[PDB]
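Down below is the structure, laid out as structure tokens.
In what follows, every heavy atom counts, from backbone to side chain, and hydrogens, waters and symmetry copies are set aside. Residue numbers begin at 1 in each chain, while the letters A, B, ... track the order of the sequences.
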Amino acid sequence: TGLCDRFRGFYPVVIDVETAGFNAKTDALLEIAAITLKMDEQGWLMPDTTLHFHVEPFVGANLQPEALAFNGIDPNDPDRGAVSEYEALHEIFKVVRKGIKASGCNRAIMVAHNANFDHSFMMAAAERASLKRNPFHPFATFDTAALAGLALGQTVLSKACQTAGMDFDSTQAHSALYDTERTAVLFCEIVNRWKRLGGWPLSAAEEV
DNA sequence: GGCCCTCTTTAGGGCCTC
Ligand SMILES: [Mg+2]
Ligand SMILES: [Mg+2]
């Protein structure tokens, strides 16, 4: 009934990033939010700790106008409250390592919607920032797009949430914190629903 | 931004991770 037993020792952390393009190697990371998860005594999954950072474009970063048009971020607004990629990820890594330790897990796995996108940008930023002992799995992810495909027959984040009976506000979409929060609730609902229907634990699946 | 589909090509709009 513990978090460490649910995903073979992986500590699931929900991540959403905002960027200045689709190229993780060359395009700026502009924003990141992280949500750790916890399991109660009954084995139900729910959000734990929330982190959120506005990120300064790394020196020499490429910025695509169409991306900025999409996410509405102005990297030149001085009142952004932006910090370096190093600062943002160092704090996220610290909180995640603390969570891994306390929960008895072995390492973290990124939960994200179309997770390869966020995973690729996180790894790139961590490499640029020279961060060491990255607690995230270097290639495995929990993609909520695929999970929603299974659980709900939908792959688009907004539609998956709506289909799951969740609230989803289009006026708040495409903002990092809101997207991460909805993705975390969606992941938790998918996992909890599997348990409600008797698919987990495996002993329950074997009944009748 | 650009590939893809089609009620296509002398084009528009869906895609839905930025
Ligand atoms: Mg996203
Ligand atoms: Mg987003």
TODO: Please find the earliest and latest nucleotides of DNA chain B, in the 5' to 3' direction, that have an atom within less than 4.0 Å of any heavy atom of chain A.
DONE: B/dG1 to B/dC18

TODO: Could you check A/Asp179 against A/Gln64 and say which one's nearest nucleotide on DNA chain B is further toward the 5' end?
DONE: A/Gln64

Task: Whether over 12 other heavy atoms sit under 6.0 Å from A/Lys132 NZ - done: yes

Open item on the list: Taking the ring of A/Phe121 and the ring of A/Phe22, is the distance between their centroids below 6.0 Å?
Closed with: no

Open item on the list: Applying a 4.0 Å non-hydrogen cut-off, can you work out what A/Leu157 is touching in the nucleic acid: base, sugar-phosphate, or nothing?
Closed with: sugar-phosphate

TODO: Please check if any side-chain donor atom of A/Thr171 sits under 3.5 Å from a side-chain acceptor atom of A/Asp169, or the reverse.
DONE: yes

Open item on the list: Mind checking if A/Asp27 touches a base, just sugar-phosphate, or nothing, with heavy atoms under 4.0 Å?
Closed with: nothing

- [ ] Would you please name every residue forming a salt bridge (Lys or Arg N to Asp or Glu O under 4.0 Å) with A/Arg196, sequence neighbours left out?
- [x] A/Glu189

Task: Donor-acceptor pair, side chain of A/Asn114 and main chain of A/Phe117, under 3.5 angstrom - done: no

- [ ] Runs of at least three consecutive Watson-Crick or G-U pairs, both distances under 3.5 Å, are what I'm after; which ones involve DNA chain B?
- [x] B:2-6 with B:11-15

Task: Separation between the P atoms of B/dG14 and B/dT8, rounded to whole Å - done: 15 Å

Task: P spacing across the pair B/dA11 / B/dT17, given as an integer number of angstrom - done: 30 Å

Open item on the list: Is the distance from the ring center of A/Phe142 to that of A/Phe10 below 6.0 Å?
Closed with: no

TODO: Determine the interatomic distance between P on B/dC5 and the same-named atom on B/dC18; round to the nearest Å.
DONE: 24 Å

Task: Greater than 12 external heavy atoms within 6.0 Å of A/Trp200's CH2 - done: yes

Open item on the list: With rounding to the closest Å, how many angstrom separate the P atoms on B/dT10 and B/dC16?
Closed with: 28 Å

Open item on the list: Roughly how many Å apart are B/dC7 and B/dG13, using the P atom of each and rounding to a whole number?
Closed with: 15 Å

Open item on the list: Testing the 3.5 Å rule here: is there a donor-acceptor pair between the side chains of A/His113 and A/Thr144?
Closed with: yes

Task: Flag if over 12 foreign heavy atoms under 6.0 Å of CD, A/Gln162 - done: yes

